[PDB]
Structure formats: structure tokens, C-alpha cells
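1. Sequence first, structure after; it's an experimental one.
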Amino acid sequence: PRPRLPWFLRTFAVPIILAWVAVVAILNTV
Amino acid sequence: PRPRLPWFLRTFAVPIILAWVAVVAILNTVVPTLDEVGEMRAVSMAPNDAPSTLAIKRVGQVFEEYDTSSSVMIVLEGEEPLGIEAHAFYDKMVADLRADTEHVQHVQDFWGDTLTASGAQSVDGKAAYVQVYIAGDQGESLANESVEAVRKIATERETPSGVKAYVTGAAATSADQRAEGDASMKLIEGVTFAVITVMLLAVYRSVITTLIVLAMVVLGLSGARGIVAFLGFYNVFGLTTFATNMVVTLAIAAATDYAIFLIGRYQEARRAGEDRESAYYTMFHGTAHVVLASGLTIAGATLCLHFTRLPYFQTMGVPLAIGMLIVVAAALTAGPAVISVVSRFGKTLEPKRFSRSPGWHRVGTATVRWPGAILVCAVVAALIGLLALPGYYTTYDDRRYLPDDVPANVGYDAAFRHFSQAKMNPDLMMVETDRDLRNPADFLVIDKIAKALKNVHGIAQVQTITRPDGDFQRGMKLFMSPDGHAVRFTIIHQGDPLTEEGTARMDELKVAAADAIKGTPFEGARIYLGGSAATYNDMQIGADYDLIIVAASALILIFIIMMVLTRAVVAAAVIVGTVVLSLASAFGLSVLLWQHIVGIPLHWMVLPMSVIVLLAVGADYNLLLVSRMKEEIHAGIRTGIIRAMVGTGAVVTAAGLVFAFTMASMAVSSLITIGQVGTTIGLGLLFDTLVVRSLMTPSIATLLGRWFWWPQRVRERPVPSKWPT
């Protein structure tokens, strides 16, 4: 009975880290 | 009970190959090569109906000097300040240029006239530019010959020691832009073949099979070049430098992907355990309509590019449509025919990978149990590209996109060492009447106009009769009509005339002239203000409008075509909609790659050209999955999505990679604009192949279920069966 929000964060943790890194790179370069 | 169409291809494959061989041979022998044909059919890139173009054309008509709108300038750069010897050498060139009435209609000599000698001459006095009108408009084949002839005259003379002439002009740069695309066209073809050859070796893990794919690509490319050149020679339609390169590149990529679709499906059929005969029919049955629909989708996108106000796009869509039809015809005919014959002689097309795809097994499974979680991840990828939208901008000067080896670029750089870009393109305002203005009363008003024009900000020197260099009968000859009914004002801008500020100056100059003419007989005069700055602005207004029209029209046609094949309104809407999201992310990546990393902003033509290709090609990849989904939807929608991803796994990925690499192979072109189009299209394919194809589309179909295929009624899951023994 795991809630969707924590389960989604744990199951798909790897893409989330990549997204934040990508965002920072765009802001610093652009 | 084989159908007639596949049976006829296999049974009579040998004569079919000869028929296509016969067609290719005739085209390349009767008609010259596409590069030679393209030069003859060089369409003018400057609209004739442009107000700036019409005004400049009217100036010659009123002044009884010329009728064209193109006028290049020759920079007689010298090591030392130019004396009488160089001036006499310059004067001799004036007579020679005016002698060649075939290419030169009028020479606007300023250095020769002491009244305006300083304006044409450099500040250091070591160089001078002369505006010489050349027959034909920018982009016209006649203009290209005119540019060479004028440059030939500049070269065909004994230049004084230390003095060198440099012909510069946008039309000259445009003419040189043709050569760079044409010269690198062979180089692009060579690089494209090498990249394709390596990928075929990697994907198929074979040497004989790789040659089979290359053989079909050669037939398509040779036929595609011939027919486009064939129609061009007989003046069916003109050809654009971009169109010639795009036709070759798109034809190569389209044919190769079609070959991968057939062979990939055939090997997939072979892996199932089917015999060679059955696998051939299974390949044709399950892919012909998909390939046929892909060709129509590409043909529709190319056709929509004809409905443009800009002549460059208007004369480009039809050649693109003709070229793609040959590839689709060749792939649908030669493809099955060649596969039928070659598979007989040895075990060549049989698979060698012998590898299942656990990666697609796991990825597809995630998209089924938790489509929402996967869909959210797909949405995030699209949002990333949108971050670069606010920082997106484009420049207009083409010299940025041409290498320094261009002779126009050499003259362009030489001029700036002593002149300014404002002196390179001094915009012209003509005040035309039906009454003679060669009287002091009209001269007072004309001088009043000259005073008013100089009051306008952003104007350096209002060169005219009353202001020879912005501050007499020769000026009347130079700056007024032979009957004296008109007067022209050579307006020199401040800083960069080729900017939005220069366009705003025109409105101020028009109003200031309008105020000056008011209260005088000039109040009924006609003002004709035009120049290079307005010419670039006219392109953008056409480009901005044509960008919306073609993109919107293409989506409508793709919606119809997909709906016809898929037989489902909701399913067709998803296919078209998902591609639109991809282009939003695709466009951002191209902006980031060039504007912020390379530092060279994208050309204004890059966006309209890339939109059509991305929409058409992107939609085709989704159709491959959707068509496969419809075949496998019978055993449950959720299961059908899993098998469709497995069925079309690396097959589309290899096809997507090949198409992306072919567009990426355009970067070898010397012209940056050609490379920018390839990168923009190439990057979009990677996003669509990986994100939209594998994640966004399968997730949506899981949620919608029966509604996805409405009105064609489908079941979410079939009747549950009992467990077998």
C-alpha cells in the first residue's frame, strides 16, 4: 500500500537526478 | 492465394530491376548532372513584389538608368592612398563595365565625380566602392552569370602595384552560396555513404547484407537526381541551392530507412521460423502500406512547402515532392524485387544477430503497468527543450554562414577594414513627381527634405543633390531624373543599417519627408524608400507568415492521411499531437547547440525548412508502431503494446539512427546554413525515436484503451480463457 508519490520517487529516482542536472546546465550556459 | 502485387514483384523481379536501371541511365545521359542543371534553374530568392525591391526597380525606371534590383559594389582596395593613376585605372573600369550591357545596366559612379568622390572613397583614401547594377535579381541564374562577368571584368585588367579590386554584394554572396552547396554536394554524398555503410555493418553484423542495402540506396539516389535534373532542364520548374542539397540528402535517407523497414521486417519474419517465400509476402503485406503512407506523408509535407509567399520556399516544395516520389516508387518496387532475387543466391539476407531484446521487454512492461508514471517522465523531456525558447534569436547576414574562402567574403572583410556596413548598404529614398523639379522653388523643398531626413536619428549622411555627401548639375544627374521629375536621397545609416532600428528609421524618414513635402507641390509627390535593410525585413514578414501556414497545413493533411490508414479518429489525433510536442523539444535543442554552444545563431530560413521534415519523418515512426499495435491489439491492448515494442525495437532505432546520421552528415558542408538544417532535423529525430516513439505514444494508448481506436470499436482485453493442460 505504498503511496504513489514516494514510490514513484524511489522507482524512478535515476531520471529525476538527471533532470535537475540538465536544468542547471541550461541556466548556467544560456 | 498470394495477392497480385507481391506475386508480380517476386515472379518478374529480374525484368523489374532492368526497368529501373534503364530509367536511371536515360536520365543521367540525356540531361546534364543535377549540379549543372541546378545552376541553369537558379530561382531568384528576392521577391519581385517586395516594396523595397519595387522602389529600387522604379528608381532606374524613373531615372532611365536600369530596371533590375541587384547592384553589387567593387572595393578597389589599395596599400597606399589612391592617386590619379589608380583613379584613371578605376575610370577605365567604369567604361569597361558600362560597355558590357549584357550584364551591367547602369553604373552609379561616385568616386569619379568630385562632388561625391569622398563618399565612395575610403576615409584613409586607399579604397573606393562603386555601385554597379547587375542584370537579374538576387538568386536568378542570369544574376549569377552577371556577378561572374562583372567580377571577370574586375580581374581582367592590369591592376596597379598594391591595388586590388574586391567585388562585394548580397547577390554576389548569394551566387557564391550556390557554389558552396554544389561543390560540397559530392563531398556530402561521400560522407553520407561512409556513415551509412558503417551503420549497416554494425546493425546487420554482415558484409554481404551491407552491400545489399547499399545497392538499393544507389539506385534510389541515382534516379532521384536524374528526374529532378530532367524536369529542371526542360524548364518544368526552377531549382534552389537548398532544394538541390535537400533533395539529394532526403532521398538518400528516405530510401535507406525504407530498406531497413523491409529487411528488418523480413529478418524478423525469418527469426519467426518462416520459409523464404512466406517471409517475403509477410514482409510486403505488413510494411507496404506503412511505407506507402510514409511516402504520402513526406509528399504532403513537401507539397505544402509550395504554398508560400517567399519564392525560395515556393520554388522548393515542388522539387522536393518530385524527388521523394521516385524514392518511394523505387523502394516499393525495387525493394521487394531485389530481396526476392538476392535471397535466392546464397544465405545473404538471412539474419546473423540471433539476439532477443530484453531491453525492450523491460521498457515496454514499465509503460503498461504504470503508464502515468512513464507518461510524466515523457512529459518532462519535452519541457526541457522549451527552456531555450526565450533566448532564441536569429541573424540575417549570410556571410556568417559562409567560410572565408568565398571571394565575396574576402571582399566583405576587405571593405570593413576601411569602410563601414552602413556605407556598404546605403538605403535609398526617391521622391517622384510628374512635374519637373529642376527649379529653385522645388530645390528649396528638396533641400528642406534633406534637412528633415538628416534630423531623423540613426542617419549618418543623407547623400542627395542638395547634400552631395550628406552636407551641381552632376548631382542633378546623379540624384534626379533626366526630366527632373524626381529626386533620390542616398541615406547612409548609423552603425548597422541591417537592424530593426533601421526599419524604424524608414518610418521616421517617411514622415519627416511627408511633413516637408506638405504645404508644397511635393505634397502630391510619391516617396519610394527602399534598401537592403528593408529587403531583409521583407523576407522575415514572408518567413513568419509562411512558417505558420505550412506548419498548420501540414498537420491537417497528416491528420487526414493517418486517419485514413489507421481508421480511427482518436488514434490519428494522438499520432499527430505527439510529433508536435517533439518539435517543441527538438527546436530548443537546435537553439542551444548553435546559439549558446557554437555561438553562431541559426539562420532565419532554418526553422521553416526544419519544421516540415521533422513533422513528416516523426509521424512515420509512430505509424510503424501504431500499425503494428493494430495488428497485435486482438490479444489485449496491454499485451499488444508489449509485442509492438518488441516487434519494432532496434528496427526503428536503427532506421532512426540512420536518418539522424544522414542529417548529421550534412555538417560537412562548407555552408553553415546547410549544416544547421541538418543538425536541427537530425537532433529532432533522436528525441522522437527515443522519447516519443518508445515512451509517450505507448503510455497514452494504455490509458485510453477502447477510446484510443474509436470509432473503430476495440476491446481492452479479450475473453479470459481457461488454463490449458
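-> On my side now, so go ahead. Numbers count the residues shown, from 1 in each chain, chains lettered A, B, ... in the order given.
2. Quick one: classify the closest residue to residue A:26 other than its chain neighbours as helix, strand or coil.
-> Of all residues not flanking residue A:26 in the chain, residue B:387 sits nearest, at 5.0 Å (Cβ to Cβ, 6 or more residues apart in numbering or on different chains). Any C-beta I mention is one placed from the backbone N, CA and C, and that applies to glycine too. Classification of residue B:387 using DSSP: H, G, I helix; E, B strand; the rest coil returns helix.
3. Pick out the residue closest to the middle of chain A.
-> For chain A, residue A:16 is the residue whose C-alpha lies nearest the centre (Cα atoms, centre = their mean; 1.5 Å).
4. That residue touches residue A:8, doesn't it?
-> No: contact criterion Cβ atoms under 8 Å: residue A:16 and residue A:8 do not qualify, at 9.1 Å.
5. Show the contacting residues for the residue nearest to residue A:26.
-> A:23, A:26, A:27, A:30, B:588 (Cβ atoms under 8 Å, 6 or more residues apart in numbering or on different chains).
6. try 10 Å this time
-> A:22, A:23, A:26, A:27, A:30, B:585, B:588, B:591, B:592 (Cβ atoms under 10 Å, 6 or more residues apart in numbering or on different chains).
7. and the residues you listed, which two are the farthest apart?
-> Pairwise distances among the contacts of residue B:387 were taken by Cβ to Cβ; the largest, 17.1 Å, belongs to A:27 and B:585.
8. Dump the C-alpha coordinates for stretch A:7-27 into PDB.
-> The C-alpha coordinates for stretch A:7-27 follow below in PDB (Å, rounded to 0.1, in the frame of the first residue of the first chain):
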ATOM      1  CA  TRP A   7       7.000   5.000  -4.700                       C
ATOM      2  CA  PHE A   8       7.500   7.000  -8.000                       C
ATOM      3  CA  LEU A   9      10.400   8.900  -6.500                       C
ATOM      4  CA  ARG A  10      12.100   5.600  -5.400                       C
ATOM      5  CA  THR A  11      11.300   3.600  -8.500                       C
ATOM      6  CA  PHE A  12      12.300   6.300 -11.000                       C
ATOM      7  CA  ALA A  13      15.000   8.000  -8.900                       C
ATOM      8  CA  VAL A  14      17.700   7.900 -11.600                       C
ATOM      9  CA  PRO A  15      15.900  10.100 -14.200                       C
ATOM     10  CA  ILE A  16      15.000  12.700 -11.600                       C
ATOM     11  CA  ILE A  17      18.600  13.300 -10.700                       C
ATOM     12  CA  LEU A  18      19.500  13.700 -14.400                       C
ATOM     13  CA  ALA A  19      16.600  16.300 -14.900                       C
ATOM     14  CA  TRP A  20      17.900  18.600 -12.200                       C
ATOM     15  CA  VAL A  21      21.400  18.400 -13.500                       C
ATOM     16  CA  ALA A  22      20.200  19.200 -17.100                       C
ATOM     17  CA  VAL A  23      18.200  22.200 -15.900                       C
ATOM     18  CA  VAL A  24      21.200  23.700 -14.000                       C
ATOM     19  CA  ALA A  25      23.400  23.300 -17.100                       C
ATOM     20  CA  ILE A  26      20.900  25.200 -19.300                       C
ATOM     21  CA  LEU A  27      20.600  28.100 -16.900                       C
END
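9. and it, how far from the chain's centre?
-> Put simply, stretch A:7-27 sits 2 Å off its chain's centre (Cα atoms, centre = their mean, to the nearest Å).
10. same question, stretch A:3-18
-> 7 Å.
11. And it, end to end?
-> With Cα to Cα, to the nearest Å as the measure, stretch A:3-18 spans 23 Å from end to end.
12. Understood, closing this out.
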